[PDB]
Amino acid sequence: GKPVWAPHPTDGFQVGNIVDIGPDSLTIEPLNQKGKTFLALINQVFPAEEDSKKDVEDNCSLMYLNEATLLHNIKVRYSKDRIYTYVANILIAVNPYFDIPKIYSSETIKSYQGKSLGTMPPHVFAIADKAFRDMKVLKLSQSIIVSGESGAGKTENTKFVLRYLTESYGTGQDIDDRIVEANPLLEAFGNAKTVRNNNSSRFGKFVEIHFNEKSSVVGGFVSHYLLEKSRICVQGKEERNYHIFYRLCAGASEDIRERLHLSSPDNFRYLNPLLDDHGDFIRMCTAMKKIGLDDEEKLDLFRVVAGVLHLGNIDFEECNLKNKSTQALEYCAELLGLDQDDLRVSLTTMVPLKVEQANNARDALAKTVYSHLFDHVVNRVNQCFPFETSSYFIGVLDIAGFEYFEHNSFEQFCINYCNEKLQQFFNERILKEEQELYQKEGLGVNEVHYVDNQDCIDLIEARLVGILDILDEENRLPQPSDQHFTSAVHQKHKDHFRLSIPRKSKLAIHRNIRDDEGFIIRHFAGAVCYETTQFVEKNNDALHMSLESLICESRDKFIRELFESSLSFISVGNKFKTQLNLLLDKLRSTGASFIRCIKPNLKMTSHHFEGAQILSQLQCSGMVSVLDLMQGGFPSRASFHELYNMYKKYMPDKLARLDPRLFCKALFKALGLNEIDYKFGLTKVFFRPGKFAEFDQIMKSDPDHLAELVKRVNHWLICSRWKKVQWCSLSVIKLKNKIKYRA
């Protein structure tokens, strides 16, 4: 009995031996723990690579491609600082949590230029290069989809893609600098320190580099999605608000500090080490000057940021403004160009408002102002690299993936809806790539299929009957209620395969939720229990008419211009659906590449591979679905060079003198391998499941018998060598005659 991979609660998988087989489960003996046994379902036990020390650049070079061999392979590579590995064209990127030397240098960028995947070690640069080459050669726009949990490295790898593209195929002009300075500038306003990531993206983005007919850079475009509005006013312990606040408070000059009435972050309600706020303010100002922001615009942005800070310091009491909040109202009115009394009225009027309702009005005005400023910043960045026309683009998508929370609310619902649509796109594209390969390599008929999740997408977004539309209807009711909304969803989708009631859950924590207080969605990656409290409130982006009129009639042009664009109700869900639908329209018109970012542990430490956590990420990123798809045909793929180097030692020297292709041709003829199970493709040998392992066993068998098999095909081999050079001689003469013909 050969050792196998069996489940392990913290490692994901462990090595063991099947000590007993049953109809449903296998009895596993963990390695070197004689007498210890555990049960595992037959579908959770996997074959292992004989060589536990080997590592492959492409997981398709494994004898068994499964979730356990993949996990082990990326683990071996990770311990050697090889954070990049392929699964055919998919790139897996494991966050190292330290600066690996050489691999991001300008000299390494050069070494990747014009090179096909597989001709260089796996890298983010190779994916970026493939998008350029495919765009130029196929005359088709490209997309690079970068997924993963918070802290997995999506923002870093998006940045590596843009530095690679600009240094390699950019103009050499300032537009190159503007493309690379765009996102660090947006990071000041849209990024924040969280428990999971010190530089967490609190918004999704699609970054496009636009090109003309000659594959030359003409501009760029940035689309932003779901800025986290809650963070503006309230943040959990160990968390901060957006970087800009701390950066402005830390680095502003004596002049700016006086004009904006700024002090340390400790003096602001909306505000809460190894984070260089001072130095980051310096880099932000450099980015601002590089993209073309004048000192006036810089100050206008800062005034609004300071205005929001002072608004947060306005406290109330049973209502009226607290005596200590008089200086805060004055500082807020001045910076926002409003009259002190008009603002005072608005923060406590309808007609009178209680302390809590007053806080909500203050917080709603703060959230709306900050959000409008973030929209302005994104649009201002877009104005720094505009274009009238373009032929194609290379777009990088960086958005939060499907993830775990103890409490899933409206924000997780939107993110999980997004990932349900992106996972469908990923499935379609991996299936298309598999079909192309069976045609190109002559692997015959495909007959491979995934489970579509259109029903899950429809449950969420279908017109009239979808959750998003049922939510909007609730917002429009005279007395909106989260319970009435949840009941409407349960009534309308009672028979739905993708919907469940909390009461039915195996988990006591979910069963505690009343039917009208939550629902379970069977997402592609697993069932999620949503608590629907605050759904109706979170679905409204609209600011109350009193507050809106106030800020619209502002003395400052810049503040008026933030609202120049603009029952008070704006659907967050349906705004996102529209944005997501335009994003998919763009993605569907492109050739797509996928990067799967993996967070190795929850402690931001280097060299700490948490097997179960990583295995869970590979499950939630759609990778196991991808491996099932590949298992349906020829999951083992080894080039003639790879097999020649692996197996030449087991053969006579006469065969070792042949080129890899002829060495492989001779081996297949000598072994008499069947063309059903083994396919001799264009540049590689394709093996059906278990066939590469069979072949490896035959190669490692009796040396004298192998030599006899080779002797038996001697005549055929001599004739093959002769014909190769004779037909090559005819090629050269035919090619010489074609040159003569054309003259």
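Just count from 1 along the sequence shown to find any residue number.
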How much of the deposited sequence is absent from the coordinates between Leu602 and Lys603: none, 1 to 3, 4 to 9, or 10 or more residues?
none
Which class fits the unmodelled deposited stretch between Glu318 and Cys319: none, 1 to 3, 4 to 9, or 10 or more?
4 to 9
As the entry reports it, the stretch among 730-738 and 11-19 with higher mean C-alpha B factor is 730-738
Averaging CA B factors per stretch from the PDB record, which one is higher: 666-674 or 192-200?
666-674
Which one, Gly148, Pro480, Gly337, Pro121, has the peak C-alpha temperature factor per the PDB entry?
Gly337
Residue with maximal Cα B-factor (values as given in the PDB entry) among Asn323, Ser143, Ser487, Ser223:
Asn323
Ranking every modelled residue in this chain by its Cα temperature factor as given in the entry, which third contains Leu65?
lowest
Can you tell me which third, lowest, middle or highest, the CA B-factor of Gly611 falls into for its chain?
lowest
Of the three thirds of the chain ranked by Cα temperature factor, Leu682 occupies the highest
Lowest, middle or highest third - CA B-factor, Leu583:
lowest
Within this chain's modelled residues, let me know which third the CA B factor of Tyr331 belongs to: lowest, middle or highest.
highest
